[PDB]
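Take a look at the structure set out below.
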Amino acid sequence: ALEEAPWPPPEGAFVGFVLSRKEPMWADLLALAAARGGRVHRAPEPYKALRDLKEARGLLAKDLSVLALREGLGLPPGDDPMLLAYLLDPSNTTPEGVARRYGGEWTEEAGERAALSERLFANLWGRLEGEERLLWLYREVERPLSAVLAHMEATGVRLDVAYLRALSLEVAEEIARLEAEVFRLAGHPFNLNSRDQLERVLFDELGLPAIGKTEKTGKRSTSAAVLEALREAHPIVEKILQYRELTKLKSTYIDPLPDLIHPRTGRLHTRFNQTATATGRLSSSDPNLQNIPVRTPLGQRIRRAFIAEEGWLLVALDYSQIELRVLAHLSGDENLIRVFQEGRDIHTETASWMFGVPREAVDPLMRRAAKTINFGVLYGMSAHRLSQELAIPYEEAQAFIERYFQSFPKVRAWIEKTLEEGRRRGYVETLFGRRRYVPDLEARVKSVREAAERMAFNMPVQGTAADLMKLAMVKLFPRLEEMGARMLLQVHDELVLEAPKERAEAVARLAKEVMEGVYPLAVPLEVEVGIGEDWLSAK
DNA sequence: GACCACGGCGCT
DNA sequence: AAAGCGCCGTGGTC
Ligand SMILES: [Mg+2]
Ligand SMILES: [Mg+2]
């Protein structure tokens with residue numbers, strides 16, 4: 001029930017391929033095949049074979065499409081059963097799993113993969129039968145978006161290598177001064193990178209009171225938060241906090257990034273994973289460029305390393321208070337929609353409160369602090385943690401939480417409805433109908449249940465913002481190609497583009513408009529836009 | 001070398 | 001009682 005034919009596969013066939021490694025940009029195409037009707041075609045010389053295809057249909061189409069772009073081809077990605085599955089159940093994140101759940105085994109033979117892609121698409125496509133809403137998301141968002149992600153990955157972003165190279169030597173020296181002090185304070189050297197060794201030193205050798213425990217092993221935590229609480233109990237704590245910062249940045253960004261520069265491009269190429277999140281957001285792997293530093297001074301110094309090619313400019317666009325505007329539209333809370341209809345900003349307002357300064361005195365750093373608070377409280381943070389963090393009394397934190405929700409009466413009602421329906425149906429959905437199954441909504445253990453609920457009511461808000469960003473990327477991409485501009489990165493509610501200096505303004509202008517008008521809501525969407533030679537200056 | 005579980009921590 | 005991610009050392013394998 002599956003014969004073999006000479007390479008030349010008929011049009012519309014599903015491809016199957018094997019890579020030396022999972023990164024499309026660094027991978028060696030080991031094998032390539034195709035499956036159609038009831039037979040399979042294997043290419044004797046894979047690279048040569050790529051030229052024959054007109055489209056990539058099958059598991060991980062975008063990835064082969066990326067490698068294709070890397071070789072000068074324009075093979076756009078088409079149907080991909082992974083996208084259908086992801087839409088049926090966001091827990092379908094890997095081929096291994098999707099193949100086992102929907103009909104087969106993910107092997108290492110290209111032929112078998114092409115055959116697998118075909119039968120999988122057939123079964124999954126049959127399951128979406130009637131799911132008009134998921135069908136809309138597939139054809140109007142996911143499938144086209146895959147093409148967008150391909151170009152983004154293949155294009156990559158420029159990095160100032162010698163800059164980070166020198167930054168490394170500089171920080172290494174500061175790390176040395178910090179570890180050296182810590183050791184003097186402890187009275188003896190030990191591996192500071194080891195949480196276990198630091199536990200003993202802090203809680204046994206020194207007489208510092210433990211503040212909390214780790215989740216799976218119950219050890220006394222040495223988290224930055226636990227360290228905050230002990231900042232004044234001993235001189236060694238501040239030191240460890242700075243060591244933690246520097247080494248985190250150094251080992252995670254400063255040193256690894258310069259070594260990931262592809263030779264044929266001289267740019268960094270990240271993976272944009274389309275089926276890896278339970279809410280519908282994307283993620284970046286290998287170089288995960290969705291978590292590049294930005295808070296601290298050294299963090300900012302690192303972001304300054306992402307630069308535009310000579311003669312071009314980076315254009316950074318970011319939705320304003322994105323998830324709050326979504327909540328207003330989902331909850332229907334008129335007081336909250338009025339906030340936006342009146343051009344207000346909850347982050348600036350919370351910041352004003354936090355630091356005891358008039359709005360107009362809040363800086364971007366203070367406002368950034370307030371966002372974690374606003375979203376922390378919205379999504380479930382406890383009075384206890386809130387009081388701890390802000391460093392205020394329990395009652396003062398308990399009051400803020402009360403006022404917050406009392407101020408937007410409809411939000412809690414919406415939350416409550418999202419859960420009831422979630423309990424009955426077994427899943428929750430976004431504005432466009434993206435679904436996430438949350439069975440634990442009925443666990444008989446409060447601990448597990450309430451955690452399940454927090455995950456449950458957050459999905460529609462985070463997911464909807466995701467649908468929006470993806471939709472916008474799909475509408476924006478073609479407009480950019482015609483203007484000679486390129487899309488480089490996506491950071492959940494942010495886009496980083498690269499445009500020739502003579503068009504950077506028109507591009508910024510166009511992107512902003514495209515994004516703000518993506519899908520009109522009961523509240524306007526505002527996009528902040530910036531232009532500059534490096535990512536930091538862009539925003 | 002190649003992986004994994006964890007505690008941590010960078011970003012949204 | 002914030003949610004969603006991926007990556008880095010440490011320990012401990014294999
Ligand atoms: Mg934003
Ligand atoms: Mg953002």
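Throughout, a chain's letter reflects where its sequence line sits, starting with A, and its residues are numbered from 1.
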Taking NZ from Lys22(A) and P from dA2(B), how many angstroms apart are they, rounded to a whole number? 11 Å
For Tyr427(A), is the NZ or CZ atom of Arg436(A) found under 6.0 angstrom from the centre of its six-membered ring and inside 45 degrees of the ring axis? no
Distance alone, cut at 3.5 Å: any donor-acceptor contact between the side chains of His347(A) and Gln321(A)? no
To the side chain of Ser382(A), which of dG4(C), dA2(C), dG8(B) is closest? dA2(C)
Among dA3(C), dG8(B), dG4(C), which is the nearest nucleotide to the side chain of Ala278(A)? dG4(C)
For the residue pair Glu416(A) and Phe457(A), establish whether any side-chain heavy-atom pair is separated by less than 4.5 Å. no
Is there side-chain contact between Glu142(A) and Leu87(A), with heavy atoms separated by less than 4.5 Å? yes
Report the distance from atom CZ of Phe400(A) to atom P of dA2(C), rounded to the nearest whole Å. 15 Å
The sugar of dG12(C): north or south, by the sign of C1'-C2'-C3'-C4'? south
Taking any heavy-atom pair under 4.0 Å as a contact, classify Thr222(A): base, sugar-phosphate, or nothing. sugar-phosphate
Atom-to-atom span, CD of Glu323(A) to P of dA2(C) - whole angstrom: 17 Å
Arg301(A) CZ to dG10(B) P, in whole Å, measures 17 Å
In terms of side-chain geometry, is the basic nitrogen of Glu349(A) or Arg344(A) positioned less than 4.0 Å from the acidic oxygen of its partner? yes
Taking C1'-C2'-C3'-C4' as the guide, is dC9(B) a north (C3'-endo side) or a south (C2'-endo side) sugar? south
Taking the minimum atom-to-atom distance to the side chain of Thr279(A), which one of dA2(C), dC6(B), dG4(C) wins? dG4(C)
Taking only side-chain nitrogens and oxygens of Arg454(A), does any of them come within less than 4.0 Å of OP1 or OP2 of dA3(C)? yes
Given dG7(B), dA2(C), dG6(C), which nucleotide is nearest the side-chain atoms of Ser285(A)? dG6(C)
If you look at every strand shown and take non-hydrogen atoms under 4.0 Å, does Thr247(A) touch a base, only sugar-phosphate, or nothing? nothing
The correct pucker label for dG6(C), given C1'-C2'-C3'-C4' positive equals north and negative equals south, is south
Quick check for you: among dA2(C), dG4(C), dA1(C), whose closest atom lies nearest to any side-chain atom of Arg385(A)? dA2(C)
Output the single nucleotide from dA2(C), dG8(B), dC11(B) whose closest atom is nearest the side chain of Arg368(A). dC11(B)
For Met515(A) and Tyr319(A) the tightest heavy-atom approach is O-OH, 2.7 Å
Protein-nucleotide distance (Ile401(A), atom CD1; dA2(C), atom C1'), rounded to Å: 10 Å
Looking at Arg267(A), is its backbone amide N or carbonyl O close enough to the side chain of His269(A) to form a donor-acceptor pair, meaning the two atoms are under 3.5 Å apart? yes
Taking only residues two or more places apart in sequence, or in another chain, which ones meet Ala186(A) in a side chain to side chain contact (heavy atoms under 4.5 Å, CB included)? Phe190(A), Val201(A), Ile236(A)
Could you tell me whether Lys512(A) and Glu516(A) have a side-chain N and a carboxylate O separated by less than 4.0 Å? yes
Any side-chain N or O of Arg436(A) less than 4.0 Å from the OP1 or OP2 oxygen of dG4(C)? yes
Candidates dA1(C), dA2(C), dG6(C) - which lies nearest the side chain of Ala276(A): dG6(C)
Walk along nucleotides 8-14 of chain C from 5' to 3' and tag each nucleotide B, S or - by protein heavy-atom contact under 4.0 Å, base first, then sugar-phosphate. SSSS---
Rounded distance (Å) that lies between atom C1' of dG8(B) and atom CG of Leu202(A): 14 Å
From the set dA3(C), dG6(C), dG8(B), return the single nucleotide nearest to any side-chain atom of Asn273(A). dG6(C)
Can you figure out which of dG8(B), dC6(B), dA3(C) approaches the side chain of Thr217(A) most closely? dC6(B)
Rounding to an integer number of Å, can you tell me how far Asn374(A) CG sits from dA2(C) P? 16 Å
Out of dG7(B), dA2(C), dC5(C), minimum distance to the side chain of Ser283(A) belongs to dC5(C)
Does the side chain of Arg295(A) get closer than 4.0 angstrom to OP1 or OP2 of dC11(B) through an N or O atom? yes
Measure from CG on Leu419(A) to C1' on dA2(C) and round the result to the nearest Å. 14 Å
